[PDB]
>>> print(open('query.txt').read())   # compact mmCIF, C-alpha atoms
# COMPACT_ATOMS: atom_id res chain seq x y z
CA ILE A 318 20.75 24.32 -12.61
CA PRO A 319 18.12 23.25 -10.05
CA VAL A 320 15.38 20.97 -11.43
CA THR A 321 12.13 20.66 -9.48
CA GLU A 322 8.99 18.54 -9.92
CA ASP A 323 7.34 21.25 -12.07
CA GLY A 324 9.47 21.78 -15.17
CA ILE A 325 12.62 23.33 -16.65
CA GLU A 326 13.07 24.74 -20.16
CA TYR A 327 16.06 25.16 -22.48
CA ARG A 328 17.16 27.75 -25.00
CA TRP A 329 20.81 27.05 -25.88
CA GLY A 330 21.60 28.71 -29.19
CA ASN A 331 18.83 28.36 -31.77
CA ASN A 332 17.90 24.78 -30.89
CA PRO A 333 14.23 23.98 -30.20
CA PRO A 334 13.17 24.32 -26.56
CA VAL A 335 13.62 21.25 -24.36
CA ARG A 336 11.45 20.41 -21.34
CA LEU A 337 12.69 18.48 -18.30
CA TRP A 338 11.45 17.75 -14.80
CA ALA A 339 12.65 15.21 -12.28
CA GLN A 340 11.53 11.82 -10.96
CA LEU A 341 10.68 10.99 -7.33
CA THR A 342 13.85 8.84 -6.84
CA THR A 343 15.28 8.81 -3.27
CA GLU A 344 17.28 5.86 -1.93
CA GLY A 345 16.57 3.15 0.64
CA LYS A 346 13.90 0.48 0.82
CA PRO A 347 10.40 1.82 1.60
CA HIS A 348 9.09 -1.71 2.31
CA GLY A 349 11.64 -3.02 4.81
CA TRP A 350 13.02 -2.42 8.29
CA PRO A 351 12.05 0.69 10.28
CA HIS A 352 15.54 2.20 9.93
CA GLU A 353 15.16 3.07 6.23
CA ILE A 354 11.52 4.24 6.08
CA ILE A 355 12.64 7.44 7.80
CA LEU A 356 15.36 8.16 5.24
CA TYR A 357 13.11 7.29 2.28
CA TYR A 358 10.40 9.63 3.59
CA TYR A 359 13.17 12.17 4.31
CA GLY A 360 14.87 12.46 0.93
CA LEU A 361 11.52 12.61 -0.85
CA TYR A 362 9.95 15.85 0.38
CA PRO A 363 12.99 16.92 2.44
CA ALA A 364 10.85 19.27 4.54
CA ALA A 365 7.74 18.58 6.66
CA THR A 366 9.23 15.21 7.65
CA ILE A 367 11.41 16.59 10.44
CA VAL A 368 8.13 17.95 11.80
CA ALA A 369 6.64 14.44 11.70
CA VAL A 370 9.46 12.77 13.64
CA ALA B 293 -23.10 -8.42 -19.99
CA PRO B 294 -23.12 -8.09 -16.20
CA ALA B 295 -19.72 -9.77 -15.80
CA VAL B 296 -18.64 -9.38 -12.16
CA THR B 297 -19.96 -12.32 -10.09
CA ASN B 298 -16.97 -12.39 -7.73
CA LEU B 299 -13.91 -10.25 -8.44
CA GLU B 300 -10.34 -10.51 -7.17
CA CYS B 301 -7.19 -8.63 -8.15
CA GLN B 302 -3.49 -9.53 -8.08
CA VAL B 303 -0.68 -7.00 -8.54
CA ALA B 304 2.64 -7.96 -10.15
CA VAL B 305 4.76 -4.78 -10.43
CA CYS B 306 4.20 -1.09 -9.66
CA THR B 307 7.50 0.48 -10.71
CA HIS B 308 5.97 3.92 -10.50
CA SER B 309 6.36 7.71 -10.76
CA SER B 310 7.16 8.19 -14.49
CA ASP B 311 4.29 7.21 -16.81
CA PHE B 312 2.67 3.85 -16.02
CA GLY B 313 4.27 1.13 -13.93
CA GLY B 314 1.38 -0.72 -12.33
CA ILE B 315 0.60 -3.96 -14.15
CA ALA B 316 -2.50 -5.52 -12.57
CA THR B 317 -4.39 -8.72 -13.33
CA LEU B 318 -8.11 -9.40 -12.92
CA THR B 319 -9.85 -12.78 -12.70
CA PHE B 320 -13.57 -13.41 -12.35
CA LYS B 321 -16.44 -15.60 -13.43
CA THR B 322 -18.01 -13.91 -16.41
CA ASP B 323 -20.91 -13.89 -18.85
CA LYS B 324 -20.61 -13.69 -22.68
CA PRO B 325 -17.56 -11.80 -23.99
CA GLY B 326 -18.18 -8.12 -24.52
CA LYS B 327 -17.37 -4.53 -23.65
CA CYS B 328 -17.54 -3.32 -20.04
CA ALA B 329 -16.62 -0.03 -18.41
CA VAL B 330 -13.90 0.27 -15.78
CA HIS B 331 -12.57 3.18 -13.74
CA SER B 332 -11.46 4.15 -10.22
CA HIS B 333 -13.47 6.38 -7.89
CA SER B 334 -10.41 7.04 -5.73
CA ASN B 335 -8.08 9.66 -7.22
CA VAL B 336 -4.96 8.27 -5.52
CA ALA B 337 -4.36 6.32 -8.76
CA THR B 338 -5.51 6.42 -12.38
CA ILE B 339 -6.38 4.03 -15.20
CA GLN B 340 -4.90 4.53 -18.66
CA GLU B 341 -7.54 2.44 -20.45
CA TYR C 1 22.52 -0.64 -13.76
CA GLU C 2 25.50 -0.95 -11.44
CA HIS C 3 25.87 -3.93 -9.11
CA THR C 4 28.75 -5.21 -6.99
CA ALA C 5 29.91 -8.81 -6.65
CA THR C 6 32.90 -10.81 -5.45
CA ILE C 7 34.58 -13.82 -7.06
CA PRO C 8 37.14 -16.17 -5.47
CA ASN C 9 40.27 -15.62 -7.58
CA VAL C 10 40.44 -19.26 -8.67
CA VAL C 11 40.80 -20.57 -12.22
CA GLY C 12 38.36 -23.06 -13.72
CA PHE C 13 35.56 -22.27 -11.25
CA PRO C 14 32.21 -21.10 -12.67
CA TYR C 15 30.59 -18.31 -10.68
CA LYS C 16 26.93 -17.31 -10.49
CA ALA C 17 25.65 -13.73 -10.29
CA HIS C 18 21.89 -13.20 -10.20
CA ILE C 19 20.27 -9.80 -10.79
CA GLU C 20 17.24 -8.66 -8.78
CA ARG C 21 16.21 -5.41 -10.47
CA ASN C 22 12.42 -5.64 -10.39
CA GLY C 23 10.27 -4.47 -13.27
CA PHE C 24 12.09 -6.98 -15.50
CA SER C 25 12.59 -10.73 -15.67
CA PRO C 26 15.31 -11.78 -13.19
CA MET C 27 18.38 -13.25 -14.85
CA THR C 28 21.87 -14.49 -14.07
CA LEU C 29 25.51 -14.01 -15.05
CA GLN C 30 28.03 -16.79 -15.70
CA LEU C 31 31.59 -15.76 -14.82
CA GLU C 32 34.69 -17.76 -15.78
CA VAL C 33 38.28 -17.06 -14.72
CA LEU C 34 40.83 -18.28 -17.28
CA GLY C 35 44.59 -17.85 -17.08
CA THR C 36 45.39 -14.91 -14.83
CA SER C 37 48.88 -13.43 -15.06
CA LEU C 38 51.03 -11.32 -12.75
CA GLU C 39 53.87 -9.29 -14.29
CA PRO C 40 56.36 -7.76 -11.81
CA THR C 41 58.66 -4.77 -12.31
CA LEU C 42 62.33 -5.35 -13.17
CA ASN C 43 65.37 -3.13 -12.66
CA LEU C 44 68.38 -5.07 -14.05
CA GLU C 45 71.07 -4.12 -11.56
CA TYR C 46 73.89 -6.09 -13.20
CA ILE C 47 74.59 -9.18 -15.29
CA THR C 48 77.17 -11.96 -15.06
CA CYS C 49 78.48 -14.80 -17.22
>>> encode(input="query.txt", output="structure tokens")
Amino acid sequence: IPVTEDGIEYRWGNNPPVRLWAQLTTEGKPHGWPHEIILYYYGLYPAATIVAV
Amino acid sequence: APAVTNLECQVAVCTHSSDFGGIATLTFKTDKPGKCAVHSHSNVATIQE
Amino acid sequence: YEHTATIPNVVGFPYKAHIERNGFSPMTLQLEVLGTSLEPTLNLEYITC
């Protein structure tokens, strides 16, 4: 299933509903050399960053 | 209890994005111990207390 | 929390491995190599006496 930053619900059998939504994660070091700022800003919000570069 | 005089802030850790990861420290010359309000005008962050 | 390290394959040599996952107190790992063994594969072609 795809999980976004808004929320996902469960109903599997008769179990009570379960609520999940994701972190911000993304890899790289956002406080280091120039070469990884781009990828950190890329993975987090995948779109609208190609426009920036 | 005006208790500001001069105010400076250090930041230790801000492991963020889940509930509360910013642990900040405040040091200042102060008057008698007591209750004082605290908030943040800027909405880029928030204060739990 | 996964983390990679390398140890010279030598017996009786303490090895240090520090962890730098922020948001917690940094700590270290003591690694000791004691009595490695290497067991080959045998086929037993023939015997004599």
>>> closest_atom_pairs(input="query.txt", of="chain B", to="chain A", cutoff="12 Å", atoms="all atoms listed in the file", output="CSV")
residue,atom,partner,partner_atom,distance
B:307,CA,A:342,CA,11.2
B:308,CA,A:341,CA,9.1
B:309,CA,A:341,CA,6.4
B:310,CA,A:340,CA,6.7
B:311,CA,A:340,CA,10.4
>>> closest_atom_pairs(input="query.txt", of="chain C", to="chain B", cutoff="12 Å", atoms="all atoms listed in the file", output="Markdown table")
| residue | atom | partner | partner_atom | distance |
| --- | --- | --- | --- | --- |
| C:21 | CA | B:307 | CA | 10.5 |
| C:22 | CA | B:305 | CA | 7.7 |
| C:23 | CA | B:305 | CA | 6.2 |
| C:24 | CA | B:305 | CA | 9.2 |
| C:25 | CA | B:305 | CA | 11.1 |
>>> atom_distance(input="query.txt", atom1="CA of residue 369 (chain A)", atom2="CA of residue 351 (chain A)")
14.8 Å
>>> residues_around(input="query.txt", residues="residue 10 (chain C)", least_positions_apart="3", cutoff="12 Å", atoms="all atoms listed in the file", output="VMD selection string")
chain C and resid 6 to 7 13 to 15 31 to 36
>>> residues_near_point(input="query.txt", point="(-15.3, 3.8, -19.8)", cutoff="12 Å", atoms="all atoms listed in the file", output="number ranges by chain")
B: 327-332, 339-341
>>> atom_distance(input="query.txt", atom1="CA of residue 322 (chain B)", atom2="CA of residue 295 (chain B)")
4.5 Å
>>> atom_distance(input="query.txt", atom1="CA of residue 322 (chain A)", atom2="CA of residue 338 (chain A)")
5.5 Å
>>> residues_around(input="query.txt", residues="residue 29 (chain C)", least_positions_apart="5", cutoff="8 Å", atoms="only C-alpha atoms", output="list in words")
residues 15, 16, 17, 18 and 19 of chain C
>>> residues_near_point(input="query.txt", point="(-20.0, -10.2, -21.5)", cutoff="6 Å", atoms="only C-alpha atoms", output="VMD selection string")
chain B and resid 293 295 323 to 326
>>> decode(input="query.txt", residues="region 322-357 of chain A", atoms="N, CA, C and O atoms", output="compact mmCIF listing (two decimals), in the first residue's frame")
# COMPACT_ATOMS: atom_id res chain seq x y z
N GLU A 322 1.99 11.43 3.76
CA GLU A 322 2.15 12.22 4.97
C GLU A 322 0.82 12.72 5.52
O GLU A 322 0.78 13.74 6.23
N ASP A 323 -0.28 12.04 5.21
CA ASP A 323 -1.61 12.45 5.65
C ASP A 323 -2.27 11.42 6.55
O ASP A 323 -2.86 11.79 7.57
N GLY A 324 -2.20 10.14 6.19
CA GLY A 324 -2.77 9.10 7.04
C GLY A 324 -3.36 7.93 6.29
O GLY A 324 -3.98 8.09 5.24
N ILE A 325 -3.18 6.73 6.84
CA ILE A 325 -3.70 5.49 6.28
C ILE A 325 -4.40 4.72 7.40
O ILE A 325 -3.92 4.70 8.54
N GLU A 326 -5.53 4.10 7.07
CA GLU A 326 -6.33 3.36 8.04
C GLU A 326 -6.30 1.87 7.74
O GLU A 326 -5.98 1.45 6.62
N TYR A 327 -6.64 1.07 8.75
CA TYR A 327 -6.76 -0.37 8.61
C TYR A 327 -8.15 -0.85 9.01
O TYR A 327 -8.77 -0.32 9.94
N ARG A 328 -8.61 -1.88 8.30
CA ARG A 328 -9.70 -2.76 8.75
C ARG A 328 -9.39 -4.15 8.18
O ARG A 328 -9.79 -4.48 7.07
N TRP A 329 -8.68 -4.94 8.97
CA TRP A 329 -8.32 -6.32 8.62
C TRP A 329 -9.05 -7.23 9.59
O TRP A 329 -8.68 -7.33 10.77
N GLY A 330 -10.10 -7.89 9.11
CA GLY A 330 -10.95 -8.68 9.98
C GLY A 330 -11.83 -7.79 10.83
O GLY A 330 -12.38 -6.80 10.34
N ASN A 331 -11.98 -8.14 12.11
CA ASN A 331 -12.76 -7.34 13.05
C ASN A 331 -11.88 -6.63 14.07
O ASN A 331 -12.37 -6.22 15.13
N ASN A 332 -10.59 -6.46 13.77
CA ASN A 332 -9.70 -5.76 14.67
C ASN A 332 -10.02 -4.26 14.67
O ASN A 332 -10.59 -3.74 13.71
N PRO A 333 -9.68 -3.56 15.75
CA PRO A 333 -9.93 -2.12 15.78
C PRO A 333 -9.12 -1.41 14.71
O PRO A 333 -8.03 -1.88 14.32
N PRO A 334 -9.61 -0.29 14.20
CA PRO A 334 -8.88 0.43 13.15
C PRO A 334 -7.53 0.92 13.64
O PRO A 334 -7.35 1.26 14.81
N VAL A 335 -6.57 0.96 12.72
CA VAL A 335 -5.19 1.33 13.01
C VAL A 335 -4.78 2.45 12.07
O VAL A 335 -5.05 2.38 10.86
N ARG A 336 -4.14 3.49 12.61
CA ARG A 336 -3.83 4.71 11.88
C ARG A 336 -2.32 4.85 11.74
O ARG A 336 -1.60 4.86 12.74
N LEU A 337 -1.84 4.97 10.50
CA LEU A 337 -0.43 5.17 10.21
C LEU A 337 -0.23 6.27 9.18
O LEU A 337 -1.01 6.41 8.23
N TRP A 338 0.84 7.04 9.37
CA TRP A 338 1.38 7.93 8.34
C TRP A 338 2.87 8.10 8.58
O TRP A 338 3.36 7.93 9.70
N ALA A 339 3.58 8.44 7.51
CA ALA A 339 5.03 8.26 7.43
C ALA A 339 5.79 9.39 8.12
O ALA A 339 5.23 10.39 8.57
N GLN A 340 7.11 9.20 8.19
CA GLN A 340 8.06 10.19 8.66
C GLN A 340 8.49 11.08 7.50
O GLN A 340 7.89 11.05 6.42
N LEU A 341 9.53 11.89 7.70
CA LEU A 341 10.14 12.66 6.62
C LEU A 341 11.37 11.99 6.04
O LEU A 341 11.71 12.26 4.88
N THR A 342 12.03 11.12 6.81
CA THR A 342 13.17 10.29 6.41
C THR A 342 14.10 10.94 5.39
O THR A 342 14.60 12.05 5.62
N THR A 343 14.37 10.24 4.28
CA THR A 343 15.30 10.63 3.22
C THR A 343 16.73 10.47 3.71
O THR A 343 17.02 10.69 4.89
N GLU A 344 17.64 10.09 2.82
CA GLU A 344 19.01 9.77 3.19
C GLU A 344 19.92 10.97 2.94
O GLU A 344 19.47 12.06 2.59
N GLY A 345 21.22 10.77 3.13
CA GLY A 345 22.19 11.83 2.95
C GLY A 345 22.35 12.70 4.18
O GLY A 345 21.68 12.54 5.20
N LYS A 346 23.28 13.64 4.06
CA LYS A 346 23.61 14.54 5.16
C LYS A 346 23.22 15.97 4.79
O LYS A 346 23.92 16.60 3.99
N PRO A 347 22.13 16.51 5.33
CA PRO A 347 21.70 17.87 4.96
C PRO A 347 22.52 18.99 5.58
O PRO A 347 22.11 20.15 5.49
N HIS A 348 23.66 18.69 6.21
CA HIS A 348 24.52 19.70 6.80
C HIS A 348 25.98 19.41 6.46
O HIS A 348 26.87 19.50 7.30
N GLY A 349 26.24 19.06 5.20
CA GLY A 349 27.58 18.71 4.78
C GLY A 349 28.00 19.30 3.45
O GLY A 349 27.74 20.48 3.19
N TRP A 350 28.64 18.50 2.61
CA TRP A 350 29.14 18.99 1.34
C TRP A 350 27.99 19.29 0.38
O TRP A 350 26.86 18.83 0.58
N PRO A 351 28.24 20.12 -0.64
CA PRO A 351 27.17 20.43 -1.60
C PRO A 351 26.55 19.22 -2.26
O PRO A 351 25.33 19.19 -2.46
N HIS A 352 27.37 18.22 -2.60
CA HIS A 352 26.90 17.03 -3.31
C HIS A 352 25.80 16.16 -2.68
O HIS A 352 25.29 15.25 -3.34
N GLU A 353 25.42 16.41 -1.43
CA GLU A 353 24.36 15.61 -0.83
C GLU A 353 23.15 16.44 -0.45
O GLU A 353 22.09 15.87 -0.19
N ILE A 354 23.28 17.77 -0.41
CA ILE A 354 22.14 18.64 -0.18
C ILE A 354 21.10 18.43 -1.26
O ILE A 354 19.89 18.40 -1.00
N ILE A 355 21.55 18.29 -2.51
CA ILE A 355 20.64 18.10 -3.63
C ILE A 355 19.83 16.83 -3.46
O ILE A 355 18.61 16.82 -3.64
N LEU A 356 20.49 15.73 -3.09
CA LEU A 356 19.77 14.47 -2.95
C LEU A 356 18.85 14.47 -1.74
O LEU A 356 17.76 13.89 -1.78
N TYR A 357 19.27 15.11 -0.64
CA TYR A 357 18.39 15.21 0.53
C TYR A 357 17.14 16.02 0.19
O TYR A 357 16.02 15.61 0.53
